[PDB]
file start_10.cif (mmCIF, C-alpha atoms and all ligand atoms)
data_query
#
loop_
_atom_site.label_atom_id
_atom_site.label_comp_id
_atom_site.auth_asym_id
_atom_site.auth_seq_id
_atom_site.Cartn_x
_atom_site.Cartn_y
_atom_site.Cartn_z
CA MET A 1 7.61 -1.41 19.02
CA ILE A 2 5.56 -1.61 15.73
CA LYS A 3 5.34 -5.38 15.00
CA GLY A 4 3.65 -5.41 11.55
CA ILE A 5 0.87 -4.05 9.31
CA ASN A 6 -2.55 -4.61 11.01
CA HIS A 7 -5.14 -3.40 8.43
CA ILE A 8 -5.85 -1.03 5.52
CA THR A 9 -9.05 1.06 5.68
CA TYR A 10 -10.55 2.90 2.65
CA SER A 11 -13.38 5.50 2.86
CA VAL A 12 -15.73 4.78 -0.14
CA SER A 13 -18.87 6.70 -1.47
CA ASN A 14 -20.85 3.50 -2.33
CA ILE A 15 -20.18 0.35 -0.21
CA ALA A 16 -22.19 -1.85 -2.64
CA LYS A 17 -20.16 -0.85 -5.79
CA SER A 18 -16.80 -0.75 -3.86
CA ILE A 19 -17.49 -4.30 -2.49
CA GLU A 20 -18.04 -5.44 -6.15
CA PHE A 21 -14.70 -3.80 -7.16
CA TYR A 22 -12.58 -5.39 -4.38
CA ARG A 23 -14.33 -8.85 -4.46
CA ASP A 24 -15.00 -9.48 -8.21
CA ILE A 25 -12.04 -7.54 -9.81
CA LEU A 26 -9.13 -7.91 -7.26
CA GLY A 27 -10.32 -11.28 -5.83
CA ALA A 28 -10.54 -9.96 -2.21
CA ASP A 29 -12.31 -12.61 -0.01
CA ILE A 30 -15.33 -10.93 1.72
CA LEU A 31 -15.58 -11.80 5.49
CA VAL A 32 -18.43 -9.48 6.75
CA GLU A 33 -20.67 -6.64 5.53
CA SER A 34 -23.26 -4.13 6.86
CA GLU A 35 -24.77 -1.04 5.25
CA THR A 36 -21.63 1.02 6.05
CA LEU A 37 -18.65 -1.42 6.34
CA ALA A 38 -17.08 -4.50 4.77
CA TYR A 39 -13.98 -6.55 5.74
CA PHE A 40 -11.90 -8.66 3.27
CA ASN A 41 -8.75 -10.83 3.15
CA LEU A 42 -6.76 -9.37 0.17
CA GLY A 43 -3.41 -11.20 -0.22
CA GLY A 44 -3.36 -12.03 3.51
CA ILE A 45 -4.07 -8.32 4.43
CA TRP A 46 -7.13 -7.27 6.51
CA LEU A 47 -8.86 -4.81 4.08
CA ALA A 48 -11.72 -2.64 5.40
CA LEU A 49 -14.15 -0.33 3.55
CA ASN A 50 -16.16 2.34 5.47
CA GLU A 51 -18.87 4.19 3.45
CA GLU A 52 -18.65 8.03 3.68
CA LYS A 53 -21.29 9.46 1.23
CA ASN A 54 -20.63 13.27 1.43
CA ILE A 55 -16.85 13.94 1.83
CA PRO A 56 -14.64 15.87 -0.64
CA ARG A 57 -12.75 13.49 -3.05
CA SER A 58 -11.39 16.08 -5.61
CA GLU A 59 -7.74 16.46 -4.40
CA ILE A 60 -6.88 12.66 -4.18
CA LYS A 61 -6.13 12.52 -7.97
CA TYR A 62 -3.15 14.96 -7.41
CA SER A 63 -1.22 12.75 -4.84
CA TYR A 64 1.23 9.92 -5.69
CA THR A 65 0.20 8.26 -2.33
CA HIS A 66 -0.54 4.54 -3.07
CA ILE A 67 -0.41 0.91 -1.87
CA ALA A 68 1.39 -1.71 -3.99
CA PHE A 69 0.52 -5.43 -3.90
CA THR A 70 2.78 -8.24 -5.14
CA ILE A 71 2.05 -10.33 -8.30
CA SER A 72 4.28 -12.82 -10.32
CA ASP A 73 6.01 -11.76 -13.52
CA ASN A 74 4.06 -14.84 -14.82
CA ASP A 75 0.60 -13.21 -14.06
CA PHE A 76 1.56 -9.62 -15.13
CA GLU A 77 -0.04 -9.88 -18.60
CA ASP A 78 -3.08 -11.76 -17.21
CA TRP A 79 -3.69 -8.94 -14.59
CA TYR A 80 -3.19 -6.15 -17.15
CA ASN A 81 -5.76 -7.77 -19.54
CA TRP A 82 -8.26 -8.60 -16.71
CA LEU A 83 -8.17 -4.93 -15.44
CA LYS A 84 -8.45 -3.70 -19.12
CA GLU A 85 -11.23 -6.37 -19.66
CA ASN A 86 -13.05 -4.64 -16.69
CA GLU A 87 -12.72 -1.01 -17.85
CA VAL A 88 -10.67 -0.38 -14.66
CA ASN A 89 -9.22 3.19 -14.34
CA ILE A 90 -5.56 2.26 -15.27
CA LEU A 91 -3.03 5.18 -14.92
CA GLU A 92 -0.05 5.67 -17.35
CA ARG A 99 15.53 -2.45 -13.43
CA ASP A 100 12.47 -0.72 -11.89
CA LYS A 101 10.64 -4.07 -12.64
CA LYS A 102 7.02 -4.12 -13.86
CA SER A 103 4.05 -2.16 -12.39
CA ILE A 104 0.36 -1.61 -13.24
CA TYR A 105 -1.12 1.56 -11.60
CA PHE A 106 -4.93 1.94 -11.19
CA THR A 107 -7.62 3.44 -8.88
CA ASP A 108 -10.65 2.00 -7.10
CA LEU A 109 -14.01 3.85 -7.61
CA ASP A 110 -13.01 6.74 -5.24
CA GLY A 111 -9.55 7.53 -6.69
CA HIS A 112 -7.44 5.49 -4.16
CA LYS A 113 -4.21 4.76 -6.13
CA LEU A 114 -3.19 1.08 -6.20
CA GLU A 115 -0.23 -0.76 -7.78
CA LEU A 116 0.49 -4.36 -8.87
CA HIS A 117 4.29 -4.75 -8.69
CA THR A 118 6.51 -7.80 -9.59
CA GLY A 119 9.77 -6.47 -7.97
CA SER A 120 11.30 -6.69 -4.43
CA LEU A 121 12.82 -4.10 -2.03
CA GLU A 122 16.21 -5.84 -2.81
CA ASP A 123 15.64 -5.35 -6.60
CA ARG A 124 15.02 -1.58 -6.00
CA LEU A 125 18.05 -1.18 -3.59
CA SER A 126 20.40 -2.95 -6.12
CA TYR A 127 19.13 -0.69 -9.03
CA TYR A 128 19.68 2.46 -6.84
CA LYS A 129 23.19 1.33 -5.68
CA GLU A 130 24.14 0.92 -9.46
CA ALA A 131 22.29 3.85 -11.11
CA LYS A 132 22.17 6.42 -8.23
CA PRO A 133 25.25 5.96 -5.95
CA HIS A 134 24.82 9.66 -4.93
CA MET A 135 21.84 8.59 -2.70
CA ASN A 136 22.53 7.64 1.02
CA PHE A 137 22.42 3.83 1.74
CA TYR A 138 22.04 2.51 5.32
CA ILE A 139 21.98 -1.22 4.37
CA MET B 1 -3.29 -13.67 -7.91
CA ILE B 2 -2.42 -10.93 -5.32
CA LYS B 3 0.33 -12.62 -3.22
CA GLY B 4 0.50 -9.94 -0.44
CA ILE B 5 1.59 -6.34 0.40
CA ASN B 6 4.55 -5.05 -1.70
CA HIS B 7 5.01 -1.46 -0.37
CA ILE B 8 3.22 1.65 1.00
CA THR B 9 4.16 5.02 -0.58
CA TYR B 10 3.26 8.43 0.88
CA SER B 11 3.49 11.72 -0.99
CA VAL B 12 5.11 14.22 1.48
CA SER B 13 5.64 18.03 1.12
CA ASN B 14 8.89 18.16 3.22
CA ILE B 15 10.78 14.82 2.94
CA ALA B 16 13.48 15.95 5.45
CA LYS B 17 10.92 16.41 8.32
CA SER B 18 8.77 13.37 7.17
CA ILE B 19 12.00 11.25 7.47
CA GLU B 20 12.48 12.54 11.11
CA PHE B 21 8.76 11.67 11.85
CA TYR B 22 8.89 8.02 10.52
CA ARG B 23 12.50 7.35 11.71
CA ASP B 24 12.70 9.23 15.08
CA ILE B 25 9.02 8.99 16.29
CA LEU B 26 7.64 5.69 14.72
CA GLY B 27 11.09 3.93 14.80
CA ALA B 28 11.08 2.99 11.06
CA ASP B 29 14.52 1.61 9.99
CA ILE B 30 15.82 3.94 7.20
CA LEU B 31 17.39 2.02 4.25
CA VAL B 32 17.82 4.72 1.51
CA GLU B 33 17.59 8.55 1.27
CA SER B 34 17.76 11.14 -1.58
CA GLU B 35 16.49 14.72 -1.96
CA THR B 36 13.24 13.23 -3.46
CA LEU B 37 12.65 9.79 -1.71
CA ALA B 38 13.30 7.58 1.37
CA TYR B 39 12.78 3.83 1.97
CA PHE B 40 12.21 2.27 5.41
CA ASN B 41 11.48 -1.06 6.99
CA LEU B 42 8.50 -0.36 9.33
CA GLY B 43 7.28 -3.60 11.05
CA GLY B 44 8.71 -5.64 8.08
CA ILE B 45 6.84 -3.45 5.52
CA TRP B 46 8.62 -1.56 2.70
CA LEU B 47 7.59 2.10 3.40
CA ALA B 48 8.45 4.78 0.76
CA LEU B 49 8.19 8.59 1.00
CA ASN B 50 8.07 10.55 -2.33
CA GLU B 51 8.47 14.37 -2.03
CA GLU B 52 5.81 16.14 -4.15
CA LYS B 53 5.58 20.01 -4.12
CA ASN B 54 2.28 21.99 -4.46
CA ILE B 55 -0.27 19.16 -4.15
CA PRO B 56 -3.50 20.16 -2.36
CA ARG B 57 -3.71 18.25 1.00
CA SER B 58 -6.74 19.97 2.74
CA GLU B 59 -9.42 17.32 1.88
CA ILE B 60 -7.51 14.36 3.55
CA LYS B 61 -8.49 15.35 7.13
CA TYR B 62 -12.21 14.69 6.14
CA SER B 63 -11.68 11.01 5.03
CA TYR B 64 -11.59 7.95 7.41
CA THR B 65 -9.01 6.34 5.01
CA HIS B 66 -6.03 5.11 7.12
CA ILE B 67 -3.40 2.34 7.63
CA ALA B 68 -3.10 0.51 11.00
CA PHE B 69 0.14 -1.03 12.43
CA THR B 70 0.32 -3.65 15.22
CA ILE B 71 1.61 -2.87 18.76
CA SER B 72 1.41 -5.10 21.91
CA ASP B 73 -1.13 -4.47 24.67
CA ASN B 74 2.10 -4.29 26.86
CA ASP B 75 3.42 -1.26 24.84
CA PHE B 76 0.07 0.69 24.52
CA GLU B 77 0.50 3.30 27.31
CA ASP B 78 4.24 3.72 26.39
CA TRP B 79 3.27 4.35 22.69
CA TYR B 80 0.55 6.85 23.76
CA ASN B 81 2.93 8.65 26.20
CA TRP B 82 5.71 8.64 23.50
CA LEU B 83 3.46 10.26 20.79
CA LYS B 84 2.28 12.80 23.48
CA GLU B 85 5.94 13.56 24.50
CA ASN B 86 6.76 14.25 20.75
CA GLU B 87 3.61 16.51 20.28
CA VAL B 88 2.25 14.12 17.57
CA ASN B 89 -1.19 15.15 16.16
CA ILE B 90 -3.21 12.45 18.06
CA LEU B 91 -6.84 12.25 16.80
CA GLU B 92 -10.01 11.73 18.93
CA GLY B 93 -10.82 8.01 18.45
CA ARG B 94 -14.33 6.66 17.73
CA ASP B 95 -16.22 5.21 20.78
CA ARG B 96 -14.69 1.78 21.77
CA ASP B 97 -16.30 -1.36 23.36
CA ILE B 98 -13.73 -3.41 25.35
CA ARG B 99 -13.97 -6.13 22.59
CA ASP B 100 -12.86 -3.61 19.88
CA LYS B 101 -9.32 -3.92 21.41
CA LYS B 102 -7.21 -0.74 21.76
CA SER B 103 -6.16 1.93 19.21
CA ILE B 104 -4.22 5.22 18.97
CA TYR B 105 -5.13 7.33 15.85
CA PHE B 106 -2.78 10.10 14.61
CA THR B 107 -1.50 11.78 11.40
CA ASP B 108 1.97 12.35 9.91
CA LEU B 109 3.11 15.88 8.88
CA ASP B 110 0.91 15.74 5.72
CA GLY B 111 -2.33 14.62 7.49
CA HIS B 112 -2.07 10.92 6.43
CA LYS B 113 -4.11 8.97 9.07
CA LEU B 114 -2.26 6.24 10.99
CA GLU B 115 -3.41 3.76 13.67
CA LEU B 116 -1.60 1.76 16.35
CA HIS B 117 -3.93 -1.21 17.07
CA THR B 118 -3.54 -4.11 19.62
CA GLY B 119 -6.19 -6.50 18.07
CA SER B 120 -6.32 -9.03 15.16
CA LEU B 121 -8.89 -9.47 12.35
CA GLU B 122 -9.90 -12.66 14.30
CA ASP B 123 -10.62 -10.56 17.45
CA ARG B 124 -12.81 -8.13 15.45
CA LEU B 125 -14.76 -10.95 13.68
CA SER B 126 -15.22 -12.63 17.13
CA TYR B 127 -16.44 -9.29 18.66
CA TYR B 128 -18.80 -8.55 15.73
CA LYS B 129 -20.30 -12.11 15.57
CA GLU B 130 -21.36 -11.78 19.28
CA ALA B 131 -22.41 -8.03 19.37
CA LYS B 132 -23.49 -7.00 15.76
CA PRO B 133 -26.76 -8.60 14.49
CA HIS B 134 -27.14 -6.15 11.54
CA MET B 135 -23.97 -7.77 10.03
CA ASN B 136 -23.53 -10.59 7.44
CA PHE B 137 -20.71 -13.14 7.97
CA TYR B 138 -18.97 -15.40 5.40
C1 LIG C 201 -11.61 -1.61 10.96
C2 LIG C 201 -11.50 -0.29 10.29
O1 LIG C 201 -10.34 0.56 10.59
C3 LIG C 201 -11.65 0.89 11.13
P1 LIG C 201 -11.50 1.00 12.90
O2 LIG C 201 -10.15 1.69 13.13
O3 LIG C 201 -12.67 1.93 13.09
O4 LIG C 201 -11.68 -0.23 13.77
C1 LIG C 202 8.86 3.09 -4.58
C2 LIG C 202 7.49 3.64 -4.43
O1 LIG C 202 6.39 2.95 -5.06
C3 LIG C 202 6.82 4.20 -5.59
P1 LIG C 202 7.11 3.77 -7.26
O2 LIG C 202 5.79 3.24 -7.64
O3 LIG C 202 7.36 5.09 -7.80
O4 LIG C 202 8.21 2.83 -7.57
MN MN C 203 4.86 2.06 -5.91
MN MN C 204 -8.52 1.14 11.84
#
call {"tool": "encode", "arguments": {"input": "start_10.cif", "output": "structure tokens"}}
result
Amino acid sequence: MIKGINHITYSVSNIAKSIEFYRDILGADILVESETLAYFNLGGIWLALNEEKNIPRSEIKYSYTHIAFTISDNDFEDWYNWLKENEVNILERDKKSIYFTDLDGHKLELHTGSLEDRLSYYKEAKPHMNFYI
Amino acid sequence: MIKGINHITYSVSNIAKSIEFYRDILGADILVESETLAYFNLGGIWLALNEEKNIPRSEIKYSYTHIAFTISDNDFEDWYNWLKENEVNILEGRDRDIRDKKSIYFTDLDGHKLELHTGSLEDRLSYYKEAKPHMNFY
């Protein structure tokens, strides 16, 4: 049986610059680094970067695939301004969300809502969906 | 401050067969379904599938980007055998020292890379501190 999330690994083109992004902009706590890998604690999640210099990274911009992290409604504005302050690549009852990318186009989200919030909205607005809970 | 993981969302080309993959092979608990999306509990994580037509998905098999989920050492052979039984696209792992703990790498129907891993971050840091002198610790 799958017991929980273990780790998130991102392929990056420049470990040095990507480390700066995750550490200095998202506040990830660096644990180890070499020339080709870095590990972080980001919101209690084991984050790993592995440098891959020469792989194709053209198609990633087309996919809605992403990982959302939790922030407070209280820190929403503060995050938005900090990301804007840092020339971060921000993308344009659902609750609030900021979408952005790291340096290699990996889509990330800061979200203030819960699974319960989203289920309740869908029960009200979209009762034509199938609900199992 | 980032408080923790909120959800993981995959873009899928055929949501019907991606639902069967996550539900019937990985044992994700399905919560919601429409023609365009599906929500699961997988290992206490909010997992979302979003159907997207005509996105190019050929480059993804070249990237090491992936998400790893925890299984028990006790369940490792049963997981492996189960993914084999269901003709899952199991990938050739990297080379593995005993201290790296154990892993099964595979993809879903859209080539997203997944890992079943039996170790902790603590185990890896412990392995690397003893075996990896080209590494910096903090
Ligand atoms: C720790 C980073 O995911 C990689 P591994 O699967 O090569 O250990
Ligand atoms: C629910 C899955 O995250 C997607 P959303 O960002 O479209 O809400
Ligand atoms: Mn999202
Ligand atoms: Mn891994």
call {"tool": "residues_around", "arguments": {"input": "start_10.cif", "residues": "residue 12 (chain A)", "least_positions_apart": "2", "cutoff": "9 Å", "atoms": "only C-alpha atoms", "output": "compact mmCIF listing (two decimals) with C-alpha atoms, keeping the file's coordinate frame"}}
result
# COMPACT_ATOMS: atom_id res chain seq x y z
CA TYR A 10 -10.55 2.90 2.65
CA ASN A 14 -20.85 3.50 -2.33
CA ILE A 15 -20.18 0.35 -0.21
CA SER A 18 -16.80 -0.75 -3.86
CA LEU A 49 -14.15 -0.33 3.55
CA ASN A 50 -16.16 2.34 5.47
CA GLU A 51 -18.87 4.19 3.45
CA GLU A 52 -18.65 8.03 3.68
CA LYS A 53 -21.29 9.46 1.23
CA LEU A 109 -14.01 3.85 -7.61
CA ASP A 110 -13.01 6.74 -5.24
CA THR B 65 -9.01 6.34 5.01
call {"tool": "residues_near_ligand", "arguments": {"input": "start_10.cif", "ligand": "ligand LIG 201 (chain C)", "cutoff": "12 Å", "atoms": "all atoms listed in the file", "output": "PDB file with C-alpha atoms, in the coordinates of the input"}}
result
ATOM      1  CA  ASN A   6      -2.550  -4.610  11.010  1.00  0.00           C
ATOM      2  CA  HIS A   7      -5.140  -3.400   8.430  1.00  0.00           C
ATOM      3  CA  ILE A   8      -5.850  -1.030   5.520  1.00  0.00           C
ATOM      4  CA  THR A   9      -9.050   1.060   5.680  1.00  0.00           C
ATOM      5  CA  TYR A  10     -10.550   2.900   2.650  1.00  0.00           C
ATOM      6  CA  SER A  11     -13.380   5.500   2.860  1.00  0.00           C
ATOM      7  CA  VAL A  32     -18.430  -9.480   6.750  1.00  0.00           C
ATOM      8  CA  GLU A  33     -20.670  -6.640   5.530  1.00  0.00           C
ATOM      9  CA  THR A  36     -21.630   1.020   6.050  1.00  0.00           C
ATOM     10  CA  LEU A  37     -18.650  -1.420   6.340  1.00  0.00           C
ATOM     11  CA  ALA A  38     -17.080  -4.500   4.770  1.00  0.00           C
ATOM     12  CA  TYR A  39     -13.980  -6.550   5.740  1.00  0.00           C
ATOM     13  CA  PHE A  40     -11.900  -8.660   3.270  1.00  0.00           C
ATOM     14  CA  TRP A  46      -7.130  -7.270   6.510  1.00  0.00           C
ATOM     15  CA  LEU A  47      -8.860  -4.810   4.080  1.00  0.00           C
ATOM     16  CA  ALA A  48     -11.720  -2.640   5.400  1.00  0.00           C
ATOM     17  CA  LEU A  49     -14.150  -0.330   3.550  1.00  0.00           C
ATOM     18  CA  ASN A  50     -16.160   2.340   5.470  1.00  0.00           C
ATOM     19  CA  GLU A  51     -18.870   4.190   3.450  1.00  0.00           C
TER      20      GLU A  51
ATOM     21  CA  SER B  63     -11.680  11.010   5.030  1.00  0.00           C
ATOM     22  CA  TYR B  64     -11.590   7.950   7.410  1.00  0.00           C
ATOM     23  CA  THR B  65      -9.010   6.340   5.010  1.00  0.00           C
ATOM     24  CA  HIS B  66      -6.030   5.110   7.120  1.00  0.00           C
ATOM     25  CA  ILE B  67      -3.400   2.340   7.630  1.00  0.00           C
ATOM     26  CA  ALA B  68      -3.100   0.510  11.000  1.00  0.00           C
ATOM     27  CA  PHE B  69       0.140  -1.030  12.430  1.00  0.00           C
ATOM     28  CA  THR B  70       0.320  -3.650  15.220  1.00  0.00           C
ATOM     29  CA  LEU B  91      -6.840  12.250  16.800  1.00  0.00           C
ATOM     30  CA  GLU B  92     -10.010  11.730  18.930  1.00  0.00           C
ATOM     31  CA  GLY B  93     -10.820   8.010  18.450  1.00  0.00           C
ATOM     32  CA  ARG B  94     -14.330   6.660  17.730  1.00  0.00           C
ATOM     33  CA  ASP B  95     -16.220   5.210  20.780  1.00  0.00           C
ATOM     34  CA  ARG B  96     -14.690   1.780  21.770  1.00  0.00           C
ATOM     35  CA  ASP B  97     -16.300  -1.360  23.360  1.00  0.00           C
ATOM     36  CA  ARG B  99     -13.970  -6.130  22.590  1.00  0.00           C
ATOM     37  CA  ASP B 100     -12.860  -3.610  19.880  1.00  0.00           C
ATOM     38  CA  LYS B 101      -9.320  -3.920  21.410  1.00  0.00           C
ATOM     39  CA  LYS B 102      -7.210  -0.740  21.760  1.00  0.00           C
ATOM     40  CA  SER B 103      -6.160   1.930  19.210  1.00  0.00           C
ATOM     41  CA  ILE B 104      -4.220   5.220  18.970  1.00  0.00           C
ATOM     42  CA  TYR B 105      -5.130   7.330  15.850  1.00  0.00           C
ATOM     43  CA  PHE B 106      -2.780  10.100  14.610  1.00  0.00           C
ATOM     44  CA  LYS B 113      -4.110   8.970   9.070  1.00  0.00           C
ATOM     45  CA  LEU B 114      -2.260   6.240  10.990  1.00  0.00           C
ATOM     46  CA  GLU B 115      -3.410   3.760  13.670  1.00  0.00           C
ATOM     47  CA  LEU B 116      -1.600   1.760  16.350  1.00  0.00           C
ATOM     48  CA  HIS B 117      -3.930  -1.210  17.070  1.00  0.00           C
ATOM     49  CA  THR B 118      -3.540  -4.110  19.620  1.00  0.00           C
ATOM     50  CA  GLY B 119      -6.190  -6.500  18.070  1.00  0.00           C
ATOM     51  CA  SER B 120      -6.320  -9.030  15.160  1.00  0.00           C
ATOM     52  CA  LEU B 121      -8.890  -9.470  12.350  1.00  0.00           C
ATOM     53  CA  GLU B 122      -9.900 -12.660  14.300  1.00  0.00           C
ATOM     54  CA  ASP B 123     -10.620 -10.560  17.450  1.00  0.00           C
ATOM     55  CA  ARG B 124     -12.810  -8.130  15.450  1.00  0.00           C
ATOM     56  CA  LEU B 125     -14.760 -10.950  13.680  1.00  0.00           C
ATOM     57  CA  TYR B 127     -16.440  -9.290  18.660  1.00  0.00           C
ATOM     58  CA  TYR B 128     -18.800  -8.550  15.730  1.00  0.00           C
TER      59      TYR B 128
END
call {"tool": "interface_residues", "arguments": {"input": "start_10.cif", "of": "chain B", "to": "chain A", "cutoff": "7 Å", "atoms": "only C-alpha atoms", "output": "ChimeraX atom specification"}}
result
/B:1-11,30-34,43-44,46,55-57,59,62-71,121,134-138
call {"tool": "atom_distance", "arguments": {"input": "start_10.cif", "atom1": "CA of residue 104 (chain A)", "atom2": "CA of residue 13 (chain B)"}}
result
24.9 Å
call {"tool": "residues_around", "arguments": {"input": "start_10.cif", "residues": "residue 82 (chain B)", "least_positions_apart": "5", "cutoff": "10 Å", "atoms": "all atoms listed in the file", "output": "number ranges by chain"}}
result
B: 25-26, 76-77, 87-88
call {"tool": "axis_aligned_box", "arguments": {"input": "start_10.cif", "around": "region 73-87 of chain B", "padding_each_side": "6 Å", "output": "lines of an AutoDock Vina configuration file"}}
result
center_x = 2.8
center_y = 6.0
center_z = 23.8
size_x = 19.9
size_y = 33.0
size_z = 19.0
call {"tool": "atom_distance", "arguments": {"input": "start_10.cif", "atom1": "CA of residue 18 (chain B)", "atom2": "CA of residue 109 (chain B)"}}
result
6.4 Å
call {"tool": "closest_residue", "arguments": {"input": "start_10.cif", "among": "B:75, B:133, B:89, B:36", "to": "ligand LIG 202 (chain C)", "atoms": "all atoms listed in the file"}}
result
B:36
call {"tool": "atom_distance", "arguments": {"input": "start_10.cif", "atom1": "CA of residue 49 (chain B)", "atom2": "CA of residue 106 (chain A)"}}
result
19.1 Å
call {"tool": "closest_residue", "arguments": {"input": "start_10.cif", "among": "B:42, B:81, B:73, B:108", "to": "residue 17 (chain B)", "atoms": "all atoms listed in the file"}}
result
B:108
call {"tool": "closest_residue", "arguments": {"input": "start_10.cif", "among": "A:130, A:24, A:108, A:100", "to": "ligand MN 203 (chain C)", "atoms": "all atoms listed in the file"}}
result
A:100
call {"tool": "build_atoms", "arguments": {"input": "start_10.cif", "residues": "region 83-104 of chain A", "atoms": "N, CA and C atoms", "output": "mmCIF file, keeping the file's coordinate frame"}}
result
data_model
loop_
_atom_site.group_PDB
_atom_site.id
_atom_site.type_symbol
_atom_site.label_atom_id
_atom_site.label_comp_id
_atom_site.auth_asym_id
_atom_site.auth_seq_id
_atom_site.Cartn_x
_atom_site.Cartn_y
_atom_site.Cartn_z
ATOM 1 N N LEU A 83 -7.854 -6.339 -15.823
ATOM 2 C CA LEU A 83 -8.170 -4.930 -15.440
ATOM 3 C C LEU A 83 -8.709 -4.173 -16.660
ATOM 4 N N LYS A 84 -8.020 -4.289 -17.813
ATOM 5 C CA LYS A 84 -8.450 -3.700 -19.120
ATOM 6 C C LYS A 84 -9.807 -4.306 -19.509
ATOM 7 N N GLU A 85 -9.970 -5.629 -19.380
ATOM 8 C CA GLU A 85 -11.230 -6.370 -19.660
ATOM 9 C C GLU A 85 -12.383 -5.777 -18.833
ATOM 10 N N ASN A 86 -12.075 -5.075 -17.732
ATOM 11 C CA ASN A 86 -13.050 -4.640 -16.690
ATOM 12 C C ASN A 86 -13.168 -3.121 -16.658
ATOM 13 N N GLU A 87 -12.633 -2.476 -17.679
ATOM 14 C CA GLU A 87 -12.720 -1.010 -17.850
ATOM 15 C C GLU A 87 -12.256 -0.311 -16.572
ATOM 16 N N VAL A 88 -11.316 -0.946 -15.885
ATOM 17 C CA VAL A 88 -10.670 -0.380 -14.660
ATOM 18 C C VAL A 88 -9.922 0.904 -15.038
ATOM 19 N N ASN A 89 -9.907 1.886 -14.136
ATOM 20 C CA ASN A 89 -9.220 3.190 -14.340
ATOM 21 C C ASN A 89 -7.702 3.007 -14.164
ATOM 22 N N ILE A 90 -7.047 2.439 -15.179
ATOM 23 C CA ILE A 90 -5.560 2.260 -15.270
ATOM 24 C C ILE A 90 -4.914 3.638 -15.504
ATOM 25 N N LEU A 91 -3.819 3.926 -14.803
ATOM 26 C CA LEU A 91 -3.030 5.180 -14.920
ATOM 27 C C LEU A 91 -1.752 4.885 -15.711
ATOM 28 N N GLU A 92 -1.252 5.847 -16.492
ATOM 29 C CA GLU A 92 -0.050 5.670 -17.350
ATOM 30 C C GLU A 92 1.110 5.169 -16.480
ATOM 31 N N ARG A 99 15.301 -1.798 -14.746
ATOM 32 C CA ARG A 99 15.530 -2.450 -13.430
ATOM 33 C C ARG A 99 14.558 -1.904 -12.380
ATOM 34 N N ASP A 100 13.530 -1.184 -12.821
ATOM 35 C CA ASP A 100 12.470 -0.720 -11.890
ATOM 36 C C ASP A 100 11.471 -1.857 -11.688
ATOM 37 N N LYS A 101 11.540 -2.875 -12.563
ATOM 38 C CA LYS A 101 10.640 -4.070 -12.640
ATOM 39 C C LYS A 101 9.277 -3.667 -13.236
ATOM 40 N N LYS A 102 8.276 -4.530 -13.197
ATOM 41 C CA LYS A 102 7.020 -4.120 -13.860
ATOM 42 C C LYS A 102 5.965 -3.700 -12.831
ATOM 43 N N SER A 103 5.114 -2.756 -13.222
ATOM 44 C CA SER A 103 4.050 -2.160 -12.390
ATOM 45 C C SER A 103 2.845 -1.849 -13.264
ATOM 46 N N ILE A 104 1.658 -2.175 -12.749
ATOM 47 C CA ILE A 104 0.360 -1.610 -13.240
ATOM 48 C C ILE A 104 -0.160 -0.658 -12.155
#
